[PDB]
Amino acid sequence: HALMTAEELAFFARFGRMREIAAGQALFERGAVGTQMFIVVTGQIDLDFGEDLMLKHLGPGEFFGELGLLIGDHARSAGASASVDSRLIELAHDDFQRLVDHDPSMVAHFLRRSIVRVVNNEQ
Amino acid sequence: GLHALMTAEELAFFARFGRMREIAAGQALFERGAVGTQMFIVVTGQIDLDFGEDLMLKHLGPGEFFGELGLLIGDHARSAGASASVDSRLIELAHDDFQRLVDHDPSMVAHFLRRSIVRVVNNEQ
Ligand SMILES: Nc1nc2c(ncn2[C@@H]2O[C@@H]3COP(=O)(O)O[C@H]3[C@H]2O)c(=O)[nH]1
Ligand SMILES: Nc1nc2c(ncn2[C@@H]2O[C@@H]3COP(=O)(O)O[C@H]3[C@H]2O)c(=O)[nH]1
């Protein structure tokens, strides 16, 4: 599972912003354009990779959408939706660029863990 | 496009933190499925990647990099065999070298890691 560090949670939250999403609501659809990533801080997000694949359940501290964030014109690999009332850190393209500028070391450590996760990965 | 290519800054800094390696035409650098914790940058010649099955070979010329998965992911097994098509020269960057690089220039590394992710999401033959 994902899981940010405490330092990441605090900083991504400050550079990004919070987003509330109700039980049953869609955050984005599979195959859609999307340039922001998200961190679950309360509740649960379900990822739907289409076809007959297992759903992934993401609880507090887990992140997703970094591909949309990091790769231009990426199409969302899964649909994202809220299982229950949830709250998220939403981090946009510009926010991430700011973060890299202010704290490249922390970002490098994050990107590194991302790569490990993403080569793991793909149902 | 979708070919690697380091920046000039990367080439110089990866060269300095790492070391150089000569490899003769026909020689294997590593086998597919093996343990491997270093990455490589081609600076002369050409490295061929063999992904097994019936997949196309990939040909990497000067300035192209490979093996970063082995470098970044513990207990990764090499996704391809690597071998020299012609006499080649490489920058070899070891695990410890990369950690030194991160510590001295995190910003350069972050930019590199970012470019890696794009390449890798656009990979797998
Ligand atoms: N493609 C893929 N994406 C995954 C997987 N597990 C989690 N994800 C995340 O699901 C996300 C959906 O949005 P993106 O396409 O932006 O980024 C994706 C990944 O960050 C997986 O196994 N495969
Ligand atoms: N998995 C994968 N690796 C690739 C591809 N093209 C180039 N590579 C590189 O091939 C390398 C084989 O060694 P590694 O797995 O160390 O690291 C890998 C990458 O740097 C591709 O299409 N798929």
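We did not get these values from a lab; they are worked out from the coordinates using the rules stated. Because the Cβ atoms are built from the backbone with ideal geometry, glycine has one as well, and the counts that use them run over all protein chains shown.
Each row is one residue, and each column tells you yes or no for (1) within 15 Å of B:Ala84 (Cα to Cα); (2) assigned to a strand (DSSP E or B).
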| site | (1), (2) |
| --- | --- |
| B:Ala4 | no, no |
| B:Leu11 | no, no |
| B:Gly26 | yes, no |
| B:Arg32 | yes, no |
| B:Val42 | yes, yes |
Name the single residue, out of those in region A:101-123 being at the interface with another protein chain (Cβ under 10 Å from one of its Cβ atoms) and not in a helix (DSSP H, G or I), that is farthest from B:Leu69 (Cα to Cα). A:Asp103
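Every residue, every condition in (1) out of contact with any strand residue (DSSP E or B) (no Cβ under 8 Å at 6 or more places or on another chain); (2) aromatic (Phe, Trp, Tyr), yes or no:
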position: B:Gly70; (1), (2): no, no
position: B:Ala77; (1), (2): no, no
position: B:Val86; (1), (2): yes, no
position: B:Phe98; (1), (2): no, yes
position: B:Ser107; (1), (2): yes, no
position: B:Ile117; (1), (2): yes, no
Which residues, taken from region B:67-110, are under 22 Å from A:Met106 (Cβ atoms) and of a type in the set (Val, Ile, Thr)? B:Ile73, B:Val102, B:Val109
Since B:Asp87 meets every condition but one in (1) within 11 Å of the chain's Cα centre (by Cα); (2) in contact (Cβ under 8 Å) with a residue 60 or more places away in the chain, which condition does it not meet? (1)
Residue among B:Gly26, B:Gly61, B:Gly74 that is more than 15 Å from ligand 2 (Cβ to nearest atom) and free of Cβ contacts under 8 Å to residues at least 60 places away in the same chain: B:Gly26
Pull up region A:77-121, narrow it to residues that are of a type in the set (D, E, K, R) and within 14 Å of A:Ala2 (Cα to Cα), then point me to the one that is farthest from ligand 2 (Cβ to nearest atom). A:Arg113
I'm checking my understanding of the structure. Among residues of region A:70-100 that are facing chain B (nearest Cβ under 8 Å) and not in a loop (DSSP other than H, G, I, E, B), which one is surrounded by the most Cβ atoms within 10 Å (Cβ to Cβ)? A:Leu70
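More than 14 Å from every other protein chain (Cβ to nearest Cβ) and either closer than 21 Å to A:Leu111 by Cα or out of contact with any strand residue (DSSP E or B) (no Cβ under 7 Å at 6 or more places or on another chain) (or both): does that describe A:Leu27?
On the way: more than 14 Å from every other protein chain (Cβ to nearest Cβ): yes; either closer than 21 Å to A:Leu111 by Cα or out of contact with any strand residue (DSSP E or B) (no Cβ under 7 Å at 6 or more places or on another chain) (or both): no.
The answer is no for A:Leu27.
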Limited to region B:44-58, what total is found for residues that are touching a residue at least 60 places away in the same chain (Cβ under 8 Å) and assigned to a strand (DSSP E or B)? 1
